[PDB]
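One chain comes next, on its own, written as structure tokens: the form deposited in one PDB entry.
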């Protein structure tokens, strides 16, 4: 049952943002769920496959690669919308390293993922945050037996949209992926423009197909990715007149990949954005 109406949950959120209690509770929430093992990620042969030493998937929800080395730093994150008979599926992962591009594309191929949402630029202040795992058109790239070509590249103020053709070199089977790269959102921070962010999330929602996971990544795969997942979840709730408790949304993400939504500024931002979407939804 609902603990409050949507309206009441929004009054509570607004009050808590003003008083500071909403951020206090966020700061109190566990970062990693007690009782989920993290072992595979720390095996000697897997250490170099983690971009950040301590941003690691849980054993239970990690994405498995077939065959020998089963390891990629990626997690299944599924958000359930209560008795709407709706689960929004994601794979949350880090920005690939030069030597993990093959594994990244293997996940995309094996699960025939049609949408990749990248929330980082390739570099920030000269420091690499993600390897460029796609070729500039008209170049072609080969990663772990996959042939990648970028069919189109179009820019908007906040994001780049690319269509990628992935060909299994052995069999010649083809798979198309839409790749969206949001470039106006710095690491550990908030989107440069809230309206551009909300339009983008609406666009992502328009491309989601039921029961197919959306692959989301940034550099570490937790902060900006967690904000996006929280916002999409909230939009589904708003539309359905269901109450929204951002702290519980964050907990439910963190039970699947630790540390999602990294900073207080990120949490404050998404809570404010949720109130805005709620209010706009009442108008139409």
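Numbering follows the first chain given and starts at 1.
The PDB entry reports B-factors from which the mean C-alpha value can be compared for 55 to 63 and 27 to 35; the larger average falls on 27 to 35. The PDB entry reports B-factors from which the mean C-alpha value can be compared for 146 to 154 and 89 to 97; the larger average falls on 146 to 154. Note on 202, 181, 75, 170: the highest value goes to 170, judged by CA B factor as recorded.
Ranking 188, 112, 129, 208 by the C-alpha B-factor listed in the PDB entry places 112 at the top. Sorting the modelled residues of the chain by their CA temperature factor places residue 120 in the lowest third.
Residue-level temperature factors show residue 192 in the middle third of its chain, judged at the C-alpha atom. Per the PDB record, residue ranking by Cα B-factor puts residue 255 in the middle third of the chain. Sorting the modelled residues of the chain by their CA temperature factor places residue 140 in the highest third.
Sort the modelled residues of the chain by CA B factor and residue 68 lands in the highest third.
Here the subject shifts to the form deposited with a partner chain bound, a form of this protein not shown in this document.
Only one of 232 to 240, 216 to 224, 247 to 255, 64 to 72 lies within 4.5 Å of its partner chain in the deposited complex by heavy atoms, and it is 216 to 224.
For the options 208, 89, 188, 131, the residue carrying a heavy atom within 4.5 angstroms of its partner chain in the deposited complex is 188. Interface membership of residue 37, defined by any non-hydrogen atom within 4.5 Å of its partner chain in the deposited complex, is ruled out. At least one heavy atom of residue 54 is located within 4.5 Å of its partner chain in the deposited complex. Within 4.5 Å of any heavy atom of its partner chain in the deposited complex lies no heavy atom of residue 42.
Residue 9 falls outside the set of residues with a heavy atom inside 4.5 Å of its partner chain in the deposited complex.
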